[PDB]
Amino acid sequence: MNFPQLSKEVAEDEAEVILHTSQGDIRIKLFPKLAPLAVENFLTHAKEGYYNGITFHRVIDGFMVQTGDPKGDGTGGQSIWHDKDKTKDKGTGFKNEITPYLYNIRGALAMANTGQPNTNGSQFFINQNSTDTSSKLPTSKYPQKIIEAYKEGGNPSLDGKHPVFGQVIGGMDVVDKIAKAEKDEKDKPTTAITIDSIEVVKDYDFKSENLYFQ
């Protein structure tokens, strides 16, 4: 099996963005063929300026950093289909796109949501854990190459609950710097860490029917 998170190369069927944050650049490749709703929602919000000035409002070293909330407290954000297309957003967000090809390994980009179905809106997080807990993973559920990948860290308890849609391929040192920022009792950084802009290096057209040789 091919696990697209295990290569830093951007495949022909992948997209690429750079989060230009006040702490540095995070280069991320996206998986529109595996998580089409999460990637379309993210790319459209990015190009529409929805994340310009948005903060990393909650950081936990050894766990993850989360962002994408216009309210800055983890209670806000909407999908691009909210009050536009009920076949995609019934009112609280879009559905989880879980696939056996994407996991919450270190560097994985996933949607936050409330833990209930159809609650993916605009909030997302980057897995930042760097501890090896791979010996506890059931070999009947985790492919051997993914168990190997988890040795570098990740949050496997998030698999199946949080849809993965991207992978950091550059600037993980910036993600670690953000995760260790000085913060208050609610884990909100003392000095705001902002997404100043998102550069779409390689976009993806959801109406494209091009076939790519694998």
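Start at 1 with the first residue shown and count on from there.
- Per-stretch averaging of Cα B factors for 42-50 and 178-186 places 178-186 on top.
- When the C-alpha B factors of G166, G154, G68, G160 are read from the deposited coordinates, the top value falls at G160.
- Ranked against the other modelled residues of its chain, the C-alpha B-factor of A112 as given in the entry falls in the lowest third.
- Per-chain ranking of the deposited C-alpha B factor places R106 in the lowest third.
- Among the modelled residues of its chain, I98 has a C-alpha B-factor that falls in the middle third according to the deposited record.
- Ranked against the other modelled residues of its chain, the C-alpha B-factor of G76 as given in the entry falls in the middle third.
- Ranked by C-alpha B-factor against the other modelled residues of its chain, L19 falls in the lowest third.
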